[PDB]
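Protein chains in written order, with the authors' numbering: chain E, 54 to 106; chain I, 318 to 369.
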Amino acid sequence: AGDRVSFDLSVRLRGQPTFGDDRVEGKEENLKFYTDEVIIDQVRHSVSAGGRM
Amino acid sequence: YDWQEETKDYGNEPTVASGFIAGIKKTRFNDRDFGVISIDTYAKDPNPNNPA
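Written out as structure tokens, the structure reads:
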């Protein structure tokens with residue numbers, strides 16, 4: 054049961070690495086995420102091979 | 318001695334730290350020492366070249 058479907062996209066990492074022997078703990082990357090949704094609906098139609106005569 | 322080891326940063330800079338928990342005092346009953354006689358003389362540096 055669902056009137057929607059939502060799916061996710063995970064972007065790459067971009068962060069200047071810590072060259073040398075300076076500390077790296079505390080500089081952690083965000084792992085940014087992106088998402089979008091598709092909304093579902095129905096479509097129907099009818100044709101009439103009409104008339105008894 | 319209570320040896321302890323702690324890694325500071327993701328494995329960088331291992332640290333070794335230790336310490337004892339003890340106390341010392343020269344026994345003083347009343348206001349006088351009990352068992353030590355502080356001989357207090359004049360002791361000059363026999364080698365005057367030392368920077369001191």
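Cβ atoms here follow ideal geometry from the backbone N, Cα and C, with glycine treated the same way.
Can you tell me whether residue i is helix, strand or coil according to DSSP?
i              : result
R349 (chain I) : strand
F337 (chain I) : coil
What residue does the beta strand (DSSP E) around residue i start on, and which one ends it?
i                     : result
residue 107 (chain E) : Nothing can be reported for residue 107 (chain E), as the shown portion of chain E is limited to 54 through 106.
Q69 (chain E)         : Segment: none, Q69 (chain E) is in no beta strand (DSSP E) and carries neither H nor E.
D326 (chain I)        : 321 to 326
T332 (chain I)        : 329 to 334
Examine chain E for any beta-carbon lying closer than 8 Å to the beta-carbon of residue i, and answer yes or no.
i              : result
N329 (chain I) : yes
Could you check whether the Cβ of residue i sits closer than 7 Å to any heavy atom belonging to the ligand ADP?
i              : result
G340 (chain I) : Inclusion of the ligand ADP in the displayed structure is not the case, the ligand content being empty and no account of it being possible.
Using a Cβ-Cβ distance under 8 Å, would residue i count as near chain I?
i             : result
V91 (chain E) : no
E82 (chain E) : no
Taking three-plus beta-carbon pairs below 8 Å as touching, is the region 81 to 98 of chain E in contact with the region 54 to 62 of chain E? yes
Do the region 318 to 336 of chain I and the region 72 to 82 of chain E make contact, defined as three or more Cβ pairs closer than 8 Å? yes
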